[PDB]
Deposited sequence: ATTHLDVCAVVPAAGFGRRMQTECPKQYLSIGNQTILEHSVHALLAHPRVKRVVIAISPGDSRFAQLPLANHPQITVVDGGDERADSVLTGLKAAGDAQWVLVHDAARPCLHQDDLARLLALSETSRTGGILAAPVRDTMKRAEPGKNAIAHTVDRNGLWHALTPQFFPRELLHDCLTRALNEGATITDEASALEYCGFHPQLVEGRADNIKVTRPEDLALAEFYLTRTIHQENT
């Protein structure tokens, strides 16, 4: 039942701090919380100097690898260092607000499924599609069965390995890990997660993450 986590961490928002720790430390620590998660593999770009100065740089359950050209190389590098783990948990560096109950709910999949899946949250707003290249609404987009893709993303290590290898080599346009499976013809599951599992991308996200984390 052993699980390796992989964080593609590769002035970056994961090195911003909420209180005690960086966003990167919150995210990582939320994964290490769950007992099935034995190690966390963190991809870091070789330019990155901030990582080495954090306590996580010498934590015994963390391994660092050189991040690659794209998200997907990093993750493949991470998989290759997951040792002997059979399932693999991919998590964004900048998602520090993960709860243990979505995480446990996601981890339940290694016994119910052969594909794996992702945390996600149903879409609530009414969605519009712009006229291509324009300022103007073309039509309303149907939101039933529309989901926000979140992370962690939880998969059989070898399946992940195979879908990523093929999409990188065929030069497919990859966004999340789930999209690499999709590209190879798989259909990973949507596990409903809390909507407060946000990615800190803009200045004001930081205030929000902090709000969410203290709640």
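Comparing the deposited sequence with the modelled residues, the stretches lacking C-alpha coordinates are 1-4, 15-23, 229-235.
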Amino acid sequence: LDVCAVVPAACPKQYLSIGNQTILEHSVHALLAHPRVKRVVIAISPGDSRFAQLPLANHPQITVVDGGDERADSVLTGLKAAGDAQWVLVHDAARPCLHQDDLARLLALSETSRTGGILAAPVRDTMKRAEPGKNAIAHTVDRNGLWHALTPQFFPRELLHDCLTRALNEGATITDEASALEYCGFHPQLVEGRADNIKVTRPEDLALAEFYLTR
From here on, numbers count along this sequence of modelled residues.
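For the two regions 47-55 and 25-33, the entry's Cα B-factors average higher over 47-55. Mean CA temperature factor is higher for 135-143 when stretches 135-143 and 89-97 are set side by side in the entry.
Residue set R157, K38, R166, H148: peak C-alpha B-factor at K38 (per PDB entry). Sort the modelled residues of the chain by CA B factor and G83 lands in the highest third. Ranked by C-alpha B-factor against the other modelled residues of its chain, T173 falls in the middle third. The PDB entry assigns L1 a C-alpha temperature factor belonging to the highest third of its chain's modelled residues. When the CA B factors of the chain's modelled residues are split into thirds, the value for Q61 lands in the highest one.
For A108, the recorded CA temperature factor ranks within the highest third of the chain's modelled residues.
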